[PDB]
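J.: quick one, fold the following:
(6 chains, ligands or ions: 4)
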Amino acid sequence: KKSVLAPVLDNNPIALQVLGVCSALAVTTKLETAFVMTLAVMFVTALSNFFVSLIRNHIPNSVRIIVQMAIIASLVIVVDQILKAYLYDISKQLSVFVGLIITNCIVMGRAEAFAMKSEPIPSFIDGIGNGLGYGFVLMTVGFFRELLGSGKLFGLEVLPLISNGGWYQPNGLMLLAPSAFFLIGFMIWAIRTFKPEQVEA
Amino acid sequence: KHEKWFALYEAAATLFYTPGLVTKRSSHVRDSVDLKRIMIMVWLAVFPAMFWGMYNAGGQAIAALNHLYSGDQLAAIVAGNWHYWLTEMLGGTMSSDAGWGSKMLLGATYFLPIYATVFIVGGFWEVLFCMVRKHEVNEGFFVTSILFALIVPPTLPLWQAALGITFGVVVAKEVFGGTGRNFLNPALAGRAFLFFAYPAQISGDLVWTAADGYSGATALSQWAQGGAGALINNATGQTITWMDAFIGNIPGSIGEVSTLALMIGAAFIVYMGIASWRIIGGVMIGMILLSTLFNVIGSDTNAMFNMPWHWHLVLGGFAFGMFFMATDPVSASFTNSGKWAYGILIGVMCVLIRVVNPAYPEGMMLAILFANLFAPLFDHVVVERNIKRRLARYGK
Amino acid sequence: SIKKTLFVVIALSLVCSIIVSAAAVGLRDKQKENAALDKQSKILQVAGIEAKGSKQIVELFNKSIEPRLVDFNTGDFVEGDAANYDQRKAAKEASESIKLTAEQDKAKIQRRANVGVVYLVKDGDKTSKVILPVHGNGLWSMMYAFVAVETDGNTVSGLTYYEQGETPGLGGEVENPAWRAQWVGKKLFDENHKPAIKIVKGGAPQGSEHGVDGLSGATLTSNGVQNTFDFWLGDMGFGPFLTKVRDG
Amino acid sequence: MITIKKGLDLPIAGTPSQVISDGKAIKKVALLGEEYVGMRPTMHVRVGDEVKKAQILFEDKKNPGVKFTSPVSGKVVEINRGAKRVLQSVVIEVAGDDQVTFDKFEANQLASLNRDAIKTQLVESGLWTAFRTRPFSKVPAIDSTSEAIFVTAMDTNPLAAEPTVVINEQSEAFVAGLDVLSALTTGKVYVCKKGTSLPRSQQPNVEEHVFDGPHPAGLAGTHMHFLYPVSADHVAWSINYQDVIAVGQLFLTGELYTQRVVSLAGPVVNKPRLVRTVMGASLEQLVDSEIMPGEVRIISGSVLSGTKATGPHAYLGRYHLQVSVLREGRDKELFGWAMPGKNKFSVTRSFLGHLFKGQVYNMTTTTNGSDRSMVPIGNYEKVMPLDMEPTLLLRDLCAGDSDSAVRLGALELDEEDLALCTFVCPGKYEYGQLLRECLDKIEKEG
Amino acid sequence: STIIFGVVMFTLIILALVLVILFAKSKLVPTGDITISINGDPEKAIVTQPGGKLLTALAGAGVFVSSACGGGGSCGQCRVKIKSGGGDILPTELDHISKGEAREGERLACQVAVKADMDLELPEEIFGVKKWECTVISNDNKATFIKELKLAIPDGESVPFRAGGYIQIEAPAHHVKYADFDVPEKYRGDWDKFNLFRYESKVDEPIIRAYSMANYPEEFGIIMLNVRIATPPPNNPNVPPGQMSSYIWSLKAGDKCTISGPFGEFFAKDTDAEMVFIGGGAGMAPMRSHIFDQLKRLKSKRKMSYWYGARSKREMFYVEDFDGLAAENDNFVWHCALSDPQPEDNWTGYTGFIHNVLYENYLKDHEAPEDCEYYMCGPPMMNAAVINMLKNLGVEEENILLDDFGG
Amino acid sequence: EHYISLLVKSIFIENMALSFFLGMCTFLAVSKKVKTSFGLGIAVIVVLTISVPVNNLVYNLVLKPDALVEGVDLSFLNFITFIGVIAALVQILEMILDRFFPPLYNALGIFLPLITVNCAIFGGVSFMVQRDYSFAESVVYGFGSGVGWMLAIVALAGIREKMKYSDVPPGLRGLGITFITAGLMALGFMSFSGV
Ligand SMILES: Cc1cc2nc3c(=O)[nH]c(=O)nc-3n(C[C@H](O)[C@H](O)[C@H](O)COP(=O)(O)OP(=O)(O)OC[C@H]3O[C@@H](n4cnc5c(N)ncnc54)[C@H](O)[C@@H]3O)c2cc1C
Ligand SMILES: Cc1cc2nc3c(=O)[nH]c(=O)nc-3n(C[C@H](O)[C@H](O)[C@H](O)CO)c2cc1C
Ligand code: FES
Ligand code: FES
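T.: Numbers count the residues shown, from 1 in each chain, chains lettered A, B, ... in the order given. Ligands and ions are numbered 1, 2, ... in the order given. Below is the structure in question.
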């Protein structure tokens, strides 16, 4: 339990580490896409970590990148096939970042730092925990962005819009690039104020 | 008690009276210039622009109302908007025969609320940051607030102004340490926040004239639509001459319209040395060069290609941005050659956005932000060349 | 030991290869249905037919919608795999597309497919309306839409912008149900058989035969829509086909 | 020859009469510990000890072999130490005439003396402390040598003495000192002066360079930047004209020469003028009965770069050849920052004062504002004639970036060089202290 | 059919990529074993295959480099002079190596990656590292939390060390219980109070630690160490106890202990200035080595004072030796300050913290405290207090020598 | 020609860093010194201009639907066929530089490890695939994307060097202020969005 929750606030992959930022600023526009991305990242990272741990003893070590990318890419391709089969609209919304999950620095970070020198079960659980932390950041950013940019949560109208005879005027910036940057920065600010040990000297 | 308010109290005490501080070391005699006087000089430089902006906004609103409505209908609308009947109660008249006094009063009714809201909200954020961080309140917020209030449509909602100034002060300035420690322009940061977050209230045809129910495109949009021949003032039905744009008798933000008032204030501050004439010269050089290039190339489908440089100067917020926004010293480059490059980049980028960017009729703010991003690179190039000279002992 | 490294990488690239290839091939058929049902649902929505769920969508689309291919140059029906026709891909190839000049390219589309796909909605054994896919360049990105034309060939029964990248609130109002519903009852052509649908800036007069209110503060997107409807109803667009529909 | 156009001449009222007179008798002299950069004293005397003219008072732990000798013969009365037992000063009450003599040579052989002999005599007499290595403004090491010794024969500091007047009466001593320096230097001696004629040394090593322009032209750092650019591996020594006269007198008469001509000046000096005194003369006694009533600040050296003369530090500096007395500007004015500055001096043109050309301002010590973050408006570039980017270097100094500051030329600057940048700073930053901190960090890490 | 074609194309592409990588590695990367010259002697030149850190290659050879943090580049005790090769200095090294030493060529072997021919100028001390399997003479308690480990070197030989130096003791995997420790009843009060006997230490792999000597060079044939028990802190009792400290406290007479060295960098300055020694806890070990070395070997006449901080009388030790030195040497004096003397101590001397007593009694009236050389070693709190007090007295950091135990 | 328009699109209008949030982990990490940021920019330029055309060839000659055997498309092997090629080319470039071009290896090869299978490279190649680009167009697009990414990272490095004087609140120091700076950079860079 401690290791699963460790990368949520104590060692968050995006707040403390800088892994997985690229997907955070792109798929957070909607909570549906953000949540599906969290699930996909958790699944891919956990399975890749488990397999790499299973093959953590006999690897070329000369094409290390090729081998540790083959498993990740196969898993990401299978996940892409599933997402295009089930939840095709979500796959379309994710656009190209479904593929980028192979290069998502979280997966390699936990494949090399942990899965290469750990037992398969703890490697899988650590991958699940890191995916959970990344998805926590993703869901917070996406919640704020969707709520303040469309007045909707998971596609359900929460704040009535003037265009639909409501009262709330959507904030367009929440649907653009800088909003994700600012939200991540301020979330890091809050996390590091509540956890001063992470403050950088 | 009340120590938590000390940071604010001192700000008042230092504002009314100069501190009795004396030099402790280094040079025992200091220059009479202080940040307070520089900020107040910049604040006074836009006073002619602010007053003429109020007058122009009032005149445009009155002309549009008289051109649209008449008779009892006019009275009804005058009773429907608090600006109009507040002007009436104060002695002003909404009729076409209104003098300069009534127009200025209506412009005040439209501007003073925005300026007051911006000042209060931004000052609350600044003072909150100072008290929480045990800093001393700076005077840059005065210039930031006035400039932000002078670059928004007269019909901007008060809450939108509050959000814009909050973004410009907190995200762009305070998180970077406050006055003198940021790299972006707070006023333009807030204006861009409003530009990209609530484009409906800071763009189009229904916001640049204070007359409710009136839809009129500005000079820049009209030029883009149909070239120089399309520059017609619907409210008065009279063509917008170059002199009209230069004086500032056109729809637009409060204080941006008049190139003459901005020229006077900019000349005063530039003579005082507060504003870098190198940045202004660079902006002029870039705008002139790119405008002449586009004119030479020409275009049968894009009218903007045929706009002369002098029309670029007097249209939109080019003058205001060049004088009181491009000259922001903190966001500008810190080297003279870097200042020239920064100004040239600002001018070129503004002309590019004006001409070859259909989405944005004007690109002064976007150009300034883009050049703010790259001013450190010009500084880096200049210092690298200087260091290369130094390592050669200056050829000695 | 290069031997062991090569053997292990080969075995890995065999097992993961089998997994990936089997997953891709097995789901390939399903990928087609899932991709198609979105456009089918959009056709049902514009057609005025209500459908919920994939099964209902496919059933109703097969029961009531007949896709067909039309030649723009001659405005006549042609034989082909209309159900499996990709107009977007066809427009990108010189064999099944033509390059539009500056004068003819009113909608600012680089290439126009030689053969387009329409959808006949038939209440019974006879067609009740025709859904035409019309697309044109907007302010930010290409906007695609379906327009429902009555059998008379002049009246528009509905409109839906199923693909449009524009600023929400300003340019995204094409998705607003009220603006789309404002198109119902409008006439595409005038008495002379010339395009007449106009997007009036500032609000069209009430009851106008061809006047539709433009998007507020979004003159550029409205101009793009007007250019789209003027080009696609012209001689080089669906004009001849609509004339044939008018005469049967 | 070399003309400076970027600078600022402070027009402070009370310019010296440029006539040398006899100053008040001095019955107390002192040596200031903090006047020397990076000096950790090892005391050789105690309170009540009797010292001769050139008897060692304390030695340098960081610079072994460097001897700080007394300026006058007398009895040590006190050894003032401040925070952390830092040697604030050593005070000697003048008494008697006992002196320590050295070798004396004729003027026709000073150019042919061995370098080691010159170094030994200078170090023993304590005159070696006159020199200053530019990269860090420290006294040169005993065994070290330099290929560029800069004789600052010009004084452009506000209310500064005219070096021509002082030199004309000690021409023989100045020429002897120039010859001694020419023999001492490994390379050349740079006599940086104004257009006015000064005594010339026939030695080819000595070269005269004319610098014309505002105050910065008269600082040693500017001369080195324009003639012998300095770096970590290129060290240039600096010495003032009066110290050159002292060297000449030491090598001619064989006795330490401590007489100096210092300009007593300032808005509150009744009769500003050049007065003869001794090294480290007591400023409290020097300015006795020569100051207007009121609270005033006495400064050793120029107002732009000087030391407050109060308590332990109320003694003439080793490298200071001028006393400036200012008024304490502790009065608070209502909206004083918004009034038309008819009597306000500023590098910018935001005050009416600049309109009245030729005006003289009774400048006080008031900061004319509060501490604020640096907001460049081009003042630093206006007042910095060196081939540097002053604004970015000052930002480096403020941020403590020692490496970046060095890359931009911090090694070539002394606290006096940045005095004008401190003067024209809207934020009221004391760049001298920041530069000294950065240089100390560089020396410690290096 | 599609599956097979896709599979074969997949295998072909991956195999081609990996084959290109392998062929490039073979043709481009010289597999020839690297050679590093140590001190310029051909005999000491070490031929090691590419890969690994410099510290491992040096340890494999006959030259041993002191290392505490290991392969982390954190302690900085493995500094080496790399005249050529090794590339640039990585950022982590600069944290422990200053710019001037970087110019000289000081680098961390544990952090330096061996990838090309390198030239090294390791000193004689690092070159001349020797090991001994000494026999434990006695491990009696000299205080509540300090034990004196006496080691008889084999064959009566002596470690060629210098006063203030230290050695490195290595321990294998073991298991010890605090109950087994032979703690005299006189020193069992605190152990019983805090139930310190509960703790047990288990080590699964060989480890090595540093420890200073309590004997000066002429004390032939013996090595004396003052080892403090690194018990878990009271605020964190459940954390594992000190590994090496517990291991040494578990040793008894006749046990065999493996040591290596000598090492050290805290050495007396060669000057005639006065010397002020400040000691706390285990700091008595190195400290003693100096004073005796100053009087027995060097026979120096420098004025010397020693000041030891302690809690109670029982915490003190070596009283007879220092008292005899003071009686036989008029230029040496010593004092002990007890922070909390016990009623049974019947103490009438200095009380409180050592730094306060030293300042009030000696440095306050000292005419030139800055001219004295201060050697100091003790607990981190005492260390910080003493350093702050001395700095407030104007003593430069050079005159202040600290033997930081890392506590 | 159309190549110049494509280059300007890939540099300014379509910026891989700010407009697409690609390479942020490295873009927000090594964006501390202008020199290192410039070096990584050159490395990204080289890797992109070498990978985009090679992957374009592989896609147009092997993975293109109905290009080897009629009735079969190997589109499901896109992501991996690109990632493996990118990794192989990056490592090969590193090794050739280290053996033949020591100065280039130190200037460029040092930063390749970070670039290996980097997010930006795969993003650029996948965007190339999502569109129809010829070999010359692919080369121009890759070089332009690399130059735009270098521009963004170098500008951020310069901004951070300038910020060295800033007094950032604790907690925002380091990553948080860098994120806010990147957000402001994107706000500035959206000027070309309408183009
Ligand atoms: C040059 C030098 C000379 C030295 N000389 C001496 C000397 O003369 N005498 C001497 O006694 N020492 C000396 N030392 C220190 C010695 O090397 C050891 O640091 C010390 O003896 C501790 O030994 P240990 O391995 O048992 O402690 P460690 O195993 O390092 O334990 C450290 C402390 O932390 C606690 N701890 C362990 N794990 C945790 C955890 N997870 N959380 C919290 N706390 C934890 C332990 O209980 C213990 O109290 C010297 C060091 C150096 C560098
Ligand atoms: C000549 C001058 C121009 C300024 N222009 C602006 C501006 O356009 N916007 C703004 O917010 N602050 C402006 N300021 C105030 C301040 O310098 C600016 O906010 C800095 O970016 C932060 O202090 C200006 C100050 C001066 C002296
Ligand atoms: S072993 Fe610690 S620095 Fe190398
Ligand atoms: S750079 Fe790390 S996820 Fe893209």
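J.: where do the strands sit along chain A?
T.: A:152-153, A:156-157 (DSSP state E).
J.: among those, which is the most enclosed?
T.: Mean neighbour count (mean count of other C-beta atoms under 10 Å in any protein chain shown) peaks for strand A:152-153 among these, with a mean of 16. For every residue, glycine as well, the C-beta is placed using N, CA and C.
J.: quickly run through the sheet partners of it, with directions.
T.: If you go by DSSP bridges, strand A:152-153 pairs up with strand A:156-157 (antiparallel).
J.: residue E:257 contacts residue E:134, doesn't it?
T.: Yes. Judged on C-beta atoms under 8 Å, residue E:257 makes contact with residue E:134 at a distance of 5.5 Å.
J.: and for the two, which residues touch both?
T.: Counting by C-beta atoms under 8 Å, 6 or more residues apart in numbering or on different chains, the common neighbours of residue E:257 and residue E:134 are residue E:151.
J.: neighbour count winner among the two?
T.: Between residue E:257 and residue E:134, residue E:134 has the larger neighbour count (other C-beta atoms under 10 Å in any protein chain shown), namely 24 against 21.
J.: quick one: residues contacting the more buried one.
T.: Contact analysis of residue E:134 by C-beta under 8 Å, 6+ apart lists E:151, E:152, E:153, E:154, E:223, E:256, E:257, E:258, E:259.
J.: just give me the neighbour total for the residue lying closest to residue D:268 once chain neighbours are set aside.
T.: For residue D:268, ignoring the flanking residues on the chain, the nearest one in space by C-beta to C-beta, 6 or more residues apart in numbering or on different chains is residue D:292 at 4.4 Å. Counted with other C-beta under 10 Å, residues neighbouring residue D:292 total 12.
J.: for the chain, what's the longest helix?
T.: All of this refers to chain A. Criterion DSSP state H: the longest helix present in chain A is helix A:120-150.
J.: try again with chain B
T.: Chain B, longest helix under DSSP H: helix B:100-133.
J.: now chain F
T.: helix F:135-163.
J.: does that helix come close to ligand 2?
T.: No. Taking C-beta under 6 Å from any ligand atom as the criterion, helix F:135-163 and ligand 2 are apart, separated by no less than 12.1 Å.
J.: quick one: that helix near chain B?
T.: Yes. Helix F:135-163 reaches chain B (C-beta under 8 Å from any C-beta of the partner chain) through F:154, F:155, F:158, F:159, F:161, F:162, F:163.
J.: what's the nearest residue to the fifth one if we skip its chain neighbours?
T.: Closest residue to residue F:161 apart from its sequence neighbours, by C-beta to C-beta, 6+ apart: residue F:34 at 6.0 Å.
J.: thought residue F:119 was touching residue A:102?
T.: No. Contact criterion C-beta under 8 Å: residue F:119 and residue A:102 do not qualify, at 9.4 Å.
J.: tell me the residue of chain F that sits nearest chain B?
T.: Closest contact between chain F and chain B, by C-beta to the nearest C-beta, is at residue F:194 (2.7 Å).
J.: phi, psi for that residue please.
T.: phi -70, psi -20 (degrees, to the nearest 10).
J.: dump the residue contacts of it.
T.: By C-beta under 8 Å, 6+ apart, the contact list for residue F:194 reads B:357, B:358, B:359, B:360, C:139, C:140.
J.: also residue C:167?
T.: A:172, B:199, C:139, C:140, C:218.
J.: farthest pair within the residues you listed?
T.: Greatest spacing in the contacts of residue C:167, by C-beta to C-beta: A:172 and C:139 (14.2 Å).
J.: of the strands of chain A, which is nearest residue B:378?
T.: Here strand A:152-153 is closest among the strands of chain A (C-beta to C-beta), at 43.8 Å.
J.: roughly how far is that closest one from the heart of the chain?
T.: Relative to the centre of its chain, strand A:152-153 is centred 20 Å away, using C-alpha atoms, centre = their mean, to the nearest Å.
J.: repeat for stretch C:179-192
T.: On C-alpha atoms, centre = their mean, the centre of stretch C:179-192 falls 18 Å from that of its chain.
J.: buried stuff in it?
T.: Of all the residues in stretch C:179-192, those buried under the rule 16 or more other C-beta atoms under 10 Å in any protein chain shown are C:179, C:180, C:183, C:186, C:187, C:188, C:189.
J.: what separates whichever residue of chain A sits closest to chain E from residue E:52, distance-wise?
T.: Closest residue of chain A to chain E, C-beta to the nearest C-beta: residue A:63 (4.6 Å). Per C-beta to C-beta, to the nearest Å, residue A:63 is found 21 Å from residue E:52.
J.: what about these two, which has more around it?
T.: Using other C-beta under 10 Å as the criterion, residue A:63 and residue E:52 rank with residue A:63 on top: 26 against 15.
J.: ok, the closest residue to that one other than its chain neighbours - contacts?
T.: Counting by C-beta to C-beta, 6+ apart, residue A:63 lies nearest to residue E:18, which is 4.6 Å off, once chain neighbours are set aside. Residues in contact with residue E:18 (C-beta under 8 Å, 6+ apart) are A:60, A:62, A:63, A:66, C:6, C:9, F:88.
J.: over to residue E:18. Which of the three states is it?
T.: helix (DSSP: H, G, I helix; E, B strand; the rest coil).
J.: please, where are all the strands along the stretch 301-446 of chain D?
T.: D:306-308, D:322-327 (DSSP state E, counting those that start in this stretch).
J.: tell me which of those sits most buried.
T.: strand D:322-327 (a mean of 26).
J.: how about that strand, does it get close to chain B?
T.: Yes. Against chain B, strand D:322-327 shows contacts by C-beta under 8 Å from any C-beta at D:324, D:326.
J.: tally up the residues packed near residue E:160, please.
T.: Applying other C-beta under 10 Å, we find 12 residues neighbouring residue E:160.
J.: element containing the nearest residue to it once chain neighbours are set aside?
T.: Leaving aside its sequence neighbours, residue E:160 sits nearest to residue E:262 (C-beta to C-beta, 6+ apart; 6.4 Å). Element membership for residue E:262, per DSSP states H and E: strand E:256-263.
J.: other SSEs contacting that strand?
T.: Helices and strands touching strand E:256-263, by 3 or more C-beta pairs under 8 Å, 6 or more residues apart in numbering or on different chains; DSSP states H and E, are strand E:130-138, strand E:146-152, strand E:166-171.
J.: just the C-alphas of the very next helix or strand once past the last one, formatted as CSV.
T.: Translated: strand E:166-171. Following strand E:166-171 in sequence order, the next helix or strand is strand E:174-177 (DSSP H and E). The C-alpha coordinates for strand E:174-177 follow below in CSV (Å, rounded to 0.1, in the frame of the first residue of the first chain):
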residue,chain,number,x,y,z
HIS,E,174,27.3,-11.1,10.8
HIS,E,175,24.6,-10.9,13.5
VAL,E,176,25.1,-9.4,16.9
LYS,E,177,22.8,-8.7,19.9
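J.: state the number of residues packed around the residue in chain C positioned nearest to chain B.
T.: Here chain C gets closest to chain B at one residue, residue C:217, 3.4 Å apart by C-beta to the nearest C-beta. By other C-beta under 10 Å, the residues close to residue C:217 number 22.
J.: I figured it hits residue B:198, correct?
T.: No. Counting by C-beta under 8 Å, residue C:217 does not reach residue B:198; the two are 11.0 Å apart.
J.: state the distance from residue A:97 to residue A:183.
T.: Distance from residue A:97 to residue A:183, counting by C-beta to C-beta: 18 Å.
J.: for the one residue sitting closest to the centre of chain C, which non-adjacent residue is spatially closest?
T.: With distances taken as C-alpha atoms, centre = their mean, the residue of chain C nearest its centroid is residue C:133 (3.1 Å). What sits nearest to residue C:133 in space, not counting adjacent residues and going by C-beta to C-beta, 6+ apart, is residue C:146, at 5.7 Å.
J.: let me have the contacts of residue E:134 in CSV, extended by distance to residue E:385.
T.: Formatted as CSV, the contacts of residue E:134 follow (distance: C-beta to C-beta, whole Å):
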residue, distance to residue E:385
E:151, 33
E:152, 38
E:153, 37
E:154, 42
E:223, 31
E:256, 40
E:257, 34
E:258, 36
E:259, 32
